[PDB]
Amino acid sequence: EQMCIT
Amino acid sequence: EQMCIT
Amino acid sequence: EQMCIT
Amino acid sequence: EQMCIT
Amino acid sequence: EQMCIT
Amino acid sequence: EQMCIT
Amino acid sequence: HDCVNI
Amino acid sequence: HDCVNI
Amino acid sequence: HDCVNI
Amino acid sequence: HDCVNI
Amino acid sequence: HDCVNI
Amino acid sequence: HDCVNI
Ligand SMILES: [Fe+3]
Ligand SMILES: [Fe+3]
Ligand SMILES: [Fe+3]
């Protein structure tokens, strides 16, 4: 599961 | 800023 | 489970 | 600002 | 598991 | 300032 | 609210 | 793709 | 304790 | 550092 | 992309 | 390290 800053 | 779950 | 910015 | 996990 | 601010 | 997962 | 499910 | 704004 | 300052 | 459980 | 894995 | 600048 990944959370990315755009 | 946007932080998004992929 | 949630992550919130408050 | 705060980051909160619930 | 932890999320930490550094 | 970073958010890190451990 | 400013939240995501994780 | 669900996001928060920080 | 659910929150941290960012 | 300041953390939250996730 | 700049991401953390959770 | 599993981190992003925020
Ligand atoms: Fe504690
Ligand atoms: Fe503790
Ligand atoms: Fe504890």
# chains A, B, ... in the order shown; residues from 1 in each chain; ligands from 1
>>> closest_atom_pairs(of="chain E", to="ligand 2", cutoff="12 Å", atoms="only C-alpha atoms and all ligand atoms", output="tab-separated table")
residue	atom	partner	partner_atom_place_in_ligand_line	distance
E:1	CA	ligand 2	1 (Fe)	11.1
E:2	CA	ligand 2	1 (Fe)	9.5
E:3	CA	ligand 2	1 (Fe)	11.5
E:4	CA	ligand 2	1 (Fe)	11.1
>>> residues_near_ligand(ligand="ligand 1", cutoff="9 Å", atoms="only C-alpha atoms and all ligand atoms", output="ChimeraX atom specification")
/I:1-2 /J:3-5
>>> write_last_selection(atoms="N, CA and C atoms", output="CSV table (one decimal), in the first residue's frame")
chain,number,residue,atom,x,y,z
I,1,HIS,N,-3.9,8.4,22.0
I,1,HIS,CA,-3.0,9.3,21.3
I,1,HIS,C,-3.0,9.2,19.8
I,2,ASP,N,-3.8,9.9,19.1
I,2,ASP,CA,-4.0,9.6,17.7
I,2,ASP,C,-3.3,10.6,16.7
J,3,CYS,N,5.3,10.2,16.9
J,3,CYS,CA,4.7,9.1,16.1
J,3,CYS,C,3.3,8.9,16.4
J,4,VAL,N,2.6,8.2,15.5
J,4,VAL,CA,1.3,7.5,15.7
J,4,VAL,C,1.4,6.1,15.3
J,5,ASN,N,0.6,5.3,15.9
J,5,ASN,CA,0.5,3.9,15.5
J,5,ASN,C,-0.4,3.9,14.2
>>> select_by_dssp(residues="chain C", states="strand (DSSP E or B)", output="MDAnalysis selection string")
chainID C and resid 2:5
>>> write_last_selection(atoms="C-alpha atoms", output="PDB file, in the first residue's frame")
ATOM      1  CA  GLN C   2      -8.250   6.586   8.421  1.00  0.00           C
ATOM      2  CA  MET C   3      -5.588   9.256   8.248  1.00  0.00           C
ATOM      3  CA  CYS C   4      -6.959  12.795   8.564  1.00  0.00           C
ATOM      4  CA  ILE C   5      -5.351  16.201   8.397  1.00  0.00           C
TER       5      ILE C   5
END
